[PDB]
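Asker: heads up, no residue letters with this:
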């Protein structure tokens with residue numbers, strides 16, 4: 001989804017910086033910690049600990065230390 005991913009919350013609008021670790025939820029419910037390598041306005045390319053790169057929507061990403069953005 002773009003801007004409004006399917007969640008139990010309104011339309012998320014969060015941004016992240018590259019080279020930053022964030023937790024990513026997969027549809028199975030598990031969260032995988034990964035490092036952001038690229039961003040778009042709709043998704044963030046996360047390179048996980050397993051070095052896989054996936055475009056994850058902003059709803060899947062959670063900040064490690066609160067985040068000011």
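Answerer: Received it, and whenever you're ready, just let me know what you need. Residues are numbered from 1 along each chain as shown.
Asker: in the sheet, who's paired with residue 48?
Answerer: residue 34 (DSSP bridges).
Asker: tell me the centre residue of this protein?
Answerer: The residue lying closest to the centre of the chain (Cα atoms, centre = their mean) is residue 61, at 2.8 Å.
Asker: ok, what's across the strand from that one?
Answerer: Under DSSP bridges, the beta-bridge partners of residue 61 are residue 24.
Asker: quick one: contacts for it?
Answerer: Taking Cβ atoms under 8 Å, 6 or more residues apart in numbering, we find residue 61 in contact with 14, 16, 22, 23, 24, 44, 46. C-beta coordinates here come from the backbone N, C-alpha and C atoms, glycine included.
Asker: Tell me how many other residues surround residue 56.
Answerer: 21 (other Cβ atoms under 10 Å).
Asker: For it, which non-adjacent residue is spatially closest?
Answerer: residue 24 (4.8 Å; Cβ to Cβ, 6 or more residues apart in numbering).
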